[PDB]
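Structure file entry-v9.txt (compact mmCIF, N, CA and C atoms) follows.
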```txt
# COMPACT_ATOMS: atom_id res chain seq x y z
N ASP P 2 83.64 89.17 72.73
CA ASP P 2 84.84 89.88 72.26
C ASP P 2 85.75 90.33 73.40
N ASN P 3 87.04 90.47 73.10
CA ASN P 3 88.05 90.86 74.08
C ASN P 3 88.16 92.36 74.30
N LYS P 4 87.37 93.18 73.58
CA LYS P 4 87.53 94.62 73.71
C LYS P 4 87.33 95.05 75.15
N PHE P 5 86.39 94.40 75.84
CA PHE P 5 86.08 94.79 77.21
C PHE P 5 87.29 94.64 78.14
N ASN P 6 87.85 93.42 78.24
CA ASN P 6 88.98 93.22 79.15
C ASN P 6 90.20 93.99 78.68
N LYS P 7 90.45 93.97 77.37
CA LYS P 7 91.58 94.71 76.82
C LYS P 7 91.48 96.19 77.21
N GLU P 8 90.28 96.79 77.06
CA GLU P 8 90.10 98.20 77.41
C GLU P 8 90.24 98.44 78.90
N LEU P 9 89.80 97.48 79.72
CA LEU P 9 89.90 97.66 81.17
C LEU P 9 91.36 97.61 81.63
N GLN P 10 92.12 96.61 81.17
CA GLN P 10 93.54 96.55 81.50
C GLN P 10 94.27 97.82 81.04
N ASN P 11 94.01 98.30 79.82
CA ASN P 11 94.66 99.54 79.37
C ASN P 11 94.39 100.71 80.32
N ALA P 12 93.11 100.91 80.70
CA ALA P 12 92.77 102.02 81.60
C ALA P 12 93.48 101.89 82.94
N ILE P 13 93.46 100.71 83.56
CA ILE P 13 94.13 100.53 84.86
C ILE P 13 95.63 100.86 84.73
N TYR P 14 96.28 100.28 83.71
CA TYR P 14 97.74 100.41 83.56
C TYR P 14 98.14 101.86 83.30
N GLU P 15 97.40 102.56 82.44
CA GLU P 15 97.77 103.94 82.11
C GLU P 15 97.49 104.89 83.26
N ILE P 16 96.37 104.69 83.95
CA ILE P 16 96.06 105.57 85.09
C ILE P 16 97.11 105.42 86.18
N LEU P 17 97.60 104.18 86.39
CA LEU P 17 98.73 103.94 87.27
C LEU P 17 99.99 104.74 86.87
N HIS P 18 100.17 105.06 85.58
CA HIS P 18 101.38 105.77 85.14
C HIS P 18 101.24 107.28 85.11
N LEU P 19 100.01 107.81 85.09
CA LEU P 19 99.78 109.24 84.88
C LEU P 19 100.50 110.02 85.96
N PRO P 20 101.50 110.84 85.62
CA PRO P 20 102.36 111.42 86.66
C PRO P 20 101.71 112.57 87.40
N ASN P 21 100.83 113.34 86.75
CA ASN P 21 100.24 114.52 87.38
C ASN P 21 98.88 114.25 88.05
N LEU P 22 98.58 113.03 88.45
CA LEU P 22 97.45 112.79 89.34
C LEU P 22 97.97 112.73 90.77
N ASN P 23 97.14 113.15 91.72
CA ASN P 23 97.49 112.88 93.11
C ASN P 23 96.91 111.51 93.50
N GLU P 24 97.25 111.04 94.71
CA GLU P 24 96.84 109.69 95.10
C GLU P 24 95.33 109.58 95.31
N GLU P 25 94.68 110.64 95.85
CA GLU P 25 93.23 110.58 96.02
C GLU P 25 92.52 110.57 94.67
N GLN P 26 93.04 111.31 93.68
CA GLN P 26 92.45 111.27 92.33
C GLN P 26 92.66 109.91 91.67
N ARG P 27 93.88 109.39 91.74
CA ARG P 27 94.16 108.07 91.19
C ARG P 27 93.23 107.01 91.78
N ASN P 28 93.13 106.97 93.12
CA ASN P 28 92.31 105.96 93.78
C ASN P 28 90.82 106.15 93.47
N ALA P 29 90.39 107.39 93.19
CA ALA P 29 89.01 107.59 92.79
C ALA P 29 88.76 107.03 91.40
N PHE P 30 89.73 107.18 90.48
CA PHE P 30 89.57 106.56 89.17
C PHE P 30 89.59 105.04 89.28
N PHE P 31 90.50 104.49 90.10
CA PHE P 31 90.55 103.04 90.31
C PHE P 31 89.19 102.52 90.83
N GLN P 32 88.62 103.20 91.81
CA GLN P 32 87.33 102.72 92.36
C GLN P 32 86.19 102.81 91.34
N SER P 33 86.19 103.83 90.46
CA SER P 33 85.18 103.88 89.41
C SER P 33 85.34 102.75 88.41
N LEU P 34 86.58 102.36 88.16
CA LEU P 34 86.83 101.30 87.23
C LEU P 34 86.27 100.00 87.81
N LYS P 35 86.41 99.81 89.12
CA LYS P 35 85.86 98.62 89.77
C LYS P 35 84.33 98.69 89.83
N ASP P 36 83.82 99.90 89.92
CA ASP P 36 82.37 100.04 90.05
C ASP P 36 81.64 99.89 88.72
N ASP P 37 82.25 100.36 87.64
CA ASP P 37 81.67 100.23 86.30
C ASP P 37 82.80 100.08 85.30
N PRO P 38 83.34 98.86 85.14
CA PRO P 38 84.44 98.67 84.19
C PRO P 38 84.03 98.87 82.73
N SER P 39 82.73 98.87 82.42
CA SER P 39 82.31 99.21 81.06
C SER P 39 82.62 100.66 80.69
N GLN P 40 82.86 101.53 81.68
CA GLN P 40 83.22 102.92 81.43
C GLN P 40 84.74 103.16 81.32
N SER P 41 85.54 102.11 81.08
CA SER P 41 86.98 102.25 81.27
C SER P 41 87.60 103.20 80.23
N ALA P 42 87.13 103.19 78.97
CA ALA P 42 87.69 104.11 77.98
C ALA P 42 87.33 105.57 78.31
N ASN P 43 86.12 105.82 78.80
CA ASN P 43 85.76 107.17 79.21
C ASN P 43 86.53 107.63 80.44
N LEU P 44 86.65 106.76 81.46
CA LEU P 44 87.44 107.07 82.65
C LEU P 44 88.91 107.32 82.31
N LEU P 45 89.49 106.50 81.46
CA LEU P 45 90.85 106.82 81.02
C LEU P 45 90.92 108.21 80.39
N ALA P 46 89.94 108.57 79.55
CA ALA P 46 90.03 109.88 78.90
C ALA P 46 89.81 111.01 79.90
N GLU P 47 88.92 110.83 80.86
CA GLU P 47 88.82 111.80 81.95
C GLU P 47 90.16 111.93 82.68
N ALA P 48 90.77 110.80 83.04
CA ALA P 48 91.99 110.83 83.81
C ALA P 48 93.12 111.52 83.04
N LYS P 49 93.18 111.28 81.73
CA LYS P 49 94.23 111.87 80.90
C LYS P 49 93.98 113.35 80.64
N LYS P 50 92.73 113.74 80.36
CA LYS P 50 92.41 115.16 80.34
C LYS P 50 92.82 115.81 81.66
N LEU P 51 92.42 115.20 82.78
CA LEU P 51 92.74 115.76 84.09
C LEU P 51 94.25 115.84 84.29
N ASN P 52 94.98 114.78 83.90
CA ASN P 52 96.42 114.72 84.07
C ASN P 52 97.11 115.80 83.25
N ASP P 53 96.63 116.02 82.03
CA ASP P 53 97.24 117.05 81.19
C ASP P 53 96.99 118.44 81.79
N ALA P 54 95.74 118.75 82.12
CA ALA P 54 95.46 120.05 82.74
C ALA P 54 96.24 120.28 84.04
N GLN P 55 96.63 119.23 84.77
CA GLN P 55 97.39 119.40 86.01
C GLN P 55 98.90 119.34 85.80
N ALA P 56 99.36 119.39 84.56
CA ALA P 56 100.79 119.29 84.31
C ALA P 56 101.50 120.57 84.75
N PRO P 57 102.67 120.45 85.41
CA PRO P 57 103.60 121.57 85.65
C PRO P 57 104.15 122.18 84.36
N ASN M 3 88.42 104.93 104.75
CA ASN M 3 89.58 105.51 104.09
C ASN M 3 89.69 105.04 102.65
N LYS M 4 90.83 104.44 102.31
CA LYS M 4 91.16 104.09 100.93
C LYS M 4 90.96 102.59 100.72
N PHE M 5 89.97 102.24 99.90
CA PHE M 5 89.73 100.86 99.52
C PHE M 5 90.68 100.36 98.45
N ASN M 6 91.64 101.18 98.02
CA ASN M 6 92.52 100.82 96.93
C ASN M 6 93.99 101.01 97.26
N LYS M 7 94.33 101.27 98.53
CA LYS M 7 95.71 101.62 98.87
C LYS M 7 96.67 100.46 98.62
N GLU M 8 96.30 99.23 98.98
CA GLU M 8 97.23 98.12 98.79
C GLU M 8 97.53 97.91 97.30
N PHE M 9 96.51 97.95 96.43
CA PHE M 9 96.79 97.90 94.98
C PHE M 9 97.67 99.07 94.52
N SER M 10 97.29 100.29 94.87
CA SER M 10 97.98 101.48 94.37
C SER M 10 99.46 101.49 94.75
N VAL M 11 99.77 101.13 95.99
CA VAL M 11 101.16 101.12 96.43
C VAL M 11 101.94 100.00 95.72
N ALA M 12 101.39 98.79 95.72
CA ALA M 12 102.11 97.68 95.10
C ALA M 12 102.25 97.89 93.59
N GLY M 13 101.20 98.40 92.93
CA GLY M 13 101.27 98.60 91.49
C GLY M 13 102.36 99.59 91.10
N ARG M 14 102.47 100.68 91.87
CA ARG M 14 103.54 101.66 91.69
C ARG M 14 104.92 101.02 91.90
N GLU M 15 105.04 100.07 92.82
CA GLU M 15 106.33 99.40 93.03
C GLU M 15 106.63 98.41 91.91
N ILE M 16 105.62 97.72 91.38
CA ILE M 16 105.80 96.83 90.23
C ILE M 16 106.41 97.57 89.03
N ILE M 17 105.78 98.66 88.58
CA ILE M 17 106.16 99.28 87.31
C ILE M 17 107.52 99.93 87.35
N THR M 18 108.10 100.09 88.54
CA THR M 18 109.39 100.75 88.68
C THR M 18 110.51 99.73 88.78
N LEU M 19 110.23 98.45 88.56
CA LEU M 19 111.26 97.42 88.53
C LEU M 19 111.89 97.45 87.14
N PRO M 20 113.09 98.02 86.97
CA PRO M 20 113.51 98.41 85.61
C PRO M 20 113.82 97.24 84.69
N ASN M 21 114.03 96.03 85.22
CA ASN M 21 114.39 94.89 84.37
C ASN M 21 113.19 94.04 83.96
N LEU M 22 111.99 94.37 84.43
CA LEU M 22 110.81 93.66 83.98
C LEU M 22 110.41 94.23 82.64
N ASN M 23 109.82 93.40 81.78
CA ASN M 23 109.39 93.98 80.52
C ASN M 23 107.91 94.35 80.63
N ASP M 24 107.40 94.98 79.58
CA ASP M 24 106.02 95.46 79.60
C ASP M 24 104.98 94.35 79.82
N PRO M 25 105.03 93.20 79.10
CA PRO M 25 104.05 92.12 79.39
C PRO M 25 104.13 91.58 80.80
N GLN M 26 105.33 91.52 81.37
CA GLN M 26 105.44 91.11 82.77
C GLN M 26 104.84 92.13 83.74
N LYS M 27 105.13 93.41 83.51
CA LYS M 27 104.61 94.44 84.44
C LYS M 27 103.09 94.45 84.43
N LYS M 28 102.56 94.36 83.22
CA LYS M 28 101.12 94.28 83.00
C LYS M 28 100.46 93.05 83.69
N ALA M 29 101.08 91.87 83.59
CA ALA M 29 100.54 90.68 84.28
C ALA M 29 100.55 90.81 85.78
N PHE M 30 101.63 91.36 86.39
CA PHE M 30 101.59 91.51 87.86
C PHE M 30 100.56 92.57 88.28
N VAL M 31 100.43 93.65 87.49
CA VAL M 31 99.48 94.71 87.85
C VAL M 31 98.04 94.17 87.79
N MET M 32 97.75 93.32 86.80
CA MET M 32 96.40 92.76 86.72
C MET M 32 96.16 91.73 87.82
N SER M 33 97.18 90.95 88.20
CA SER M 33 97.05 90.07 89.39
C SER M 33 96.77 90.86 90.68
N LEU M 34 97.52 91.97 90.89
CA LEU M 34 97.27 92.83 92.05
C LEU M 34 95.88 93.42 92.00
N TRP M 35 95.46 93.86 90.81
CA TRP M 35 94.13 94.47 90.70
C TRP M 35 93.06 93.49 91.13
N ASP M 36 93.21 92.22 90.71
CA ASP M 36 92.22 91.19 91.02
C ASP M 36 92.38 90.61 92.42
N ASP M 37 93.53 90.77 93.02
CA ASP M 37 93.81 90.03 94.22
C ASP M 37 94.75 90.88 95.06
N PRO M 38 94.35 92.09 95.49
CA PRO M 38 95.29 92.93 96.26
C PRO M 38 95.76 92.35 97.56
N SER M 39 95.06 91.37 98.16
CA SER M 39 95.63 90.77 99.36
C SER M 39 96.89 89.95 99.09
N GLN M 40 97.18 89.61 97.84
CA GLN M 40 98.42 88.92 97.49
C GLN M 40 99.57 89.87 97.19
N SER M 41 99.49 91.14 97.60
CA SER M 41 100.45 92.13 97.15
C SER M 41 101.88 91.79 97.56
N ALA M 42 102.10 91.29 98.76
CA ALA M 42 103.46 91.00 99.20
C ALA M 42 104.06 89.80 98.45
N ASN M 43 103.27 88.75 98.21
CA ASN M 43 103.76 87.62 97.43
C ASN M 43 104.03 88.03 95.98
N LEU M 44 103.12 88.80 95.39
CA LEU M 44 103.31 89.21 94.00
C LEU M 44 104.51 90.14 93.85
N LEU M 45 104.71 91.03 94.82
CA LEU M 45 105.89 91.88 94.77
C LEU M 45 107.17 91.09 94.95
N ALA M 46 107.17 90.11 95.85
CA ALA M 46 108.32 89.24 96.04
C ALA M 46 108.67 88.55 94.74
N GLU M 47 107.65 87.98 94.08
CA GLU M 47 107.82 87.31 92.79
C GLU M 47 108.31 88.27 91.71
N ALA M 48 107.71 89.44 91.62
CA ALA M 48 108.14 90.45 90.63
C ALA M 48 109.61 90.89 90.86
N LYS M 49 110.00 91.05 92.11
CA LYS M 49 111.36 91.45 92.45
C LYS M 49 112.42 90.37 92.10
N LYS M 50 112.10 89.12 92.49
CA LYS M 50 112.88 87.92 92.13
C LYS M 50 113.11 87.85 90.60
N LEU M 51 112.03 88.02 89.86
CA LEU M 51 112.08 88.03 88.40
C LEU M 51 112.95 89.19 87.85
N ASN M 52 112.72 90.39 88.39
CA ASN M 52 113.53 91.54 88.01
C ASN M 52 115.02 91.27 88.20
N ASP M 53 115.40 90.74 89.36
CA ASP M 53 116.84 90.58 89.60
C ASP M 53 117.42 89.43 88.81
N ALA M 54 116.59 88.43 88.47
CA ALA M 54 117.07 87.35 87.60
C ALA M 54 117.25 87.83 86.16
N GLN M 55 116.60 88.93 85.78
CA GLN M 55 116.70 89.51 84.44
C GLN M 55 117.66 90.68 84.38
N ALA M 56 118.31 91.03 85.48
CA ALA M 56 119.36 92.04 85.39
C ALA M 56 120.54 91.48 84.60
N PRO M 57 121.36 92.36 84.01
CA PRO M 57 122.57 91.85 83.32
C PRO M 57 123.55 91.14 84.24
N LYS M 58 123.59 91.51 85.52
CA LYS M 58 124.28 90.73 86.55
C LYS M 58 123.23 90.30 87.57
```
Output the file's structure as structure tokens, nothing else.
Amino acid sequence: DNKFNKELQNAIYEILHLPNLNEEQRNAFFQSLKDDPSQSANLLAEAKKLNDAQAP
Amino acid sequence: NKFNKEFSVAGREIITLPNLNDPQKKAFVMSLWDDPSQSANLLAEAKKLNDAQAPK
């Protein structure tokens, strides 16, 4: 099934857009995605929770 | 240092090309993700495409 690649591309693309991450946080999410791409939906939700809590 | 800097910088430059559409931005970002050493060629290609899709 395509859910795996589809979910991985979504996580990479959205984390790239999250405005309230810093570069070290963004790159840490990117490296986790490379290390375990099966976790991409959870990593996206971590990144988005984190991005929302860091909003101005 | 940063094992993801070349992807992160080029990906940020891809998505800000205002005349590319969403499927195009997504395809260059996934090419960079898989092949960050091609970042300068992929950016050149993305920029060429962007300016060919401007109204002028």
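Residue-level contacts from chain P to chain M at 10 Å, counting only C-alpha atoms, read residues 9, 10, 11, 13, 14, 17, 18, 24, 25, 27, 28, 29, 31, 32 and 35 of chain P.
As for atom C of residue 33 in chain M and atom N of residue 21 in chain M, they are spaced 18.8 Å apart.
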Distance of atom C of residue 24 in chain M from CA of residue 49 in chain M, expressed in Å to one decimal place: 14.4 Å
Mind listing the alpha helix (DSSP H) residues of chain M, per DSSP on the backbone, as a PyMOL selection string? chain M and resi 7-17+24-36+41-54
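Across the structure, atom N of residue 41 in chain M and atom C of residue 19 in chain M are spaced 17.4 Å apart.
Excluding range 42-44 of chain M itself and any same-chain residue fewer than 3 positions from it, the protein and nucleic acid residues within 9 Å of it, counting only C-alpha atoms, are residues 12, 16, 30, 33, 34, 38, 39, 47, 48 and 49 of chain M.
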Hey, could you pull the box centre and edge lengths for range 27-37 of chain M, axis-aligned, 8 Å padding per side, all listed atoms, to one decimal in Å, as lines of an AutoDock Vina configuration file?
```
center_x = 98.7
center_y = 92.4
center_z = 89.0
size_x = 28.9
size_y = 20.7
size_z = 28.1
```
I need range 4-23 of chain M written out with N, CA, C and O atoms, as a short mmCIF file (atom, residue, chain, number, x, y, z; two decimals), in the first residue's frame; please produce it.
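Writing the result to result-v2.cif gives the following:
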```cif
data_model
loop_
_atom_site.label_atom_id
_atom_site.label_comp_id
_atom_site.auth_asym_id
_atom_site.auth_seq_id
_atom_site.Cartn_x
_atom_site.Cartn_y
_atom_site.Cartn_z
N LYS M 4 25.33 19.61 11.16
CA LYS M 4 23.99 19.37 10.63
C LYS M 4 24.08 18.45 9.42
O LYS M 4 24.60 18.85 8.36
N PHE M 5 23.56 17.24 9.56
CA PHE M 5 23.47 16.29 8.46
C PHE M 5 22.33 16.58 7.50
O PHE M 5 22.13 15.81 6.56
N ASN M 6 21.59 17.67 7.72
CA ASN M 6 20.41 17.96 6.92
C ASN M 6 20.41 19.38 6.37
O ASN M 6 19.37 19.81 5.83
N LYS M 7 21.52 20.12 6.49
CA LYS M 7 21.51 21.54 6.13
C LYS M 7 21.27 21.74 4.64
O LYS M 7 20.51 22.64 4.25
N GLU M 8 21.91 20.94 3.78
CA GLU M 8 21.73 21.16 2.34
C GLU M 8 20.27 20.93 1.93
O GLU M 8 19.69 21.76 1.23
N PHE M 9 19.62 19.87 2.43
CA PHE M 9 18.18 19.71 2.18
C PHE M 9 17.36 20.88 2.73
O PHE M 9 16.50 21.44 2.04
N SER M 10 17.57 21.22 4.00
CA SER M 10 16.74 22.23 4.66
C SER M 10 16.81 23.59 3.95
O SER M 10 15.79 24.27 3.77
N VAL M 11 18.01 24.00 3.55
CA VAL M 11 18.16 25.28 2.87
C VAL M 11 17.51 25.24 1.48
O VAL M 11 16.75 26.13 1.09
N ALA M 12 17.82 24.20 0.70
CA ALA M 12 17.26 24.13 -0.65
C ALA M 12 15.74 23.95 -0.61
O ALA M 12 15.01 24.59 -1.39
N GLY M 13 15.24 23.14 0.32
CA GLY M 13 13.79 22.93 0.39
C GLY M 13 13.03 24.20 0.69
O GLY M 13 11.99 24.48 0.08
N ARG M 14 13.56 25.01 1.62
CA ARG M 14 13.01 26.33 1.93
C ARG M 14 13.05 27.25 0.71
O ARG M 14 12.13 28.05 0.51
N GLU M 15 14.08 27.14 -0.14
CA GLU M 15 14.13 27.97 -1.34
C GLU M 15 13.16 27.48 -2.41
O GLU M 15 12.57 28.30 -3.13
N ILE M 16 12.97 26.16 -2.53
CA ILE M 16 11.97 25.60 -3.45
C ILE M 16 10.57 26.15 -3.18
O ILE M 16 9.90 26.69 -4.08
N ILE M 17 10.08 26.01 -1.94
CA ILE M 17 8.66 26.30 -1.65
C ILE M 17 8.33 27.76 -1.75
O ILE M 17 7.13 28.12 -1.70
N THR M 18 9.33 28.64 -1.84
CA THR M 18 9.09 30.06 -1.91
C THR M 18 9.14 30.57 -3.34
O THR M 18 9.08 31.78 -3.55
N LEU M 19 9.20 29.67 -4.32
CA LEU M 19 9.14 30.06 -5.73
C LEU M 19 7.67 30.25 -6.08
O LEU M 19 6.94 29.26 -6.20
N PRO M 20 7.17 31.48 -6.19
CA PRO M 20 5.71 31.67 -6.13
C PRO M 20 4.95 31.15 -7.35
O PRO M 20 3.71 30.96 -7.26
N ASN M 21 5.63 30.89 -8.47
CA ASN M 21 4.93 30.45 -9.68
C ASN M 21 4.92 28.94 -9.84
O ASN M 21 4.32 28.44 -10.79
N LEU M 22 5.56 28.19 -8.94
CA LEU M 22 5.48 26.74 -8.99
C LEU M 22 4.17 26.33 -8.36
O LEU M 22 3.68 26.98 -7.43
N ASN M 23 3.60 25.23 -8.84
CA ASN M 23 2.37 24.80 -8.18
C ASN M 23 2.70 23.75 -7.13
O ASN M 23 3.86 23.35 -6.94
#
```
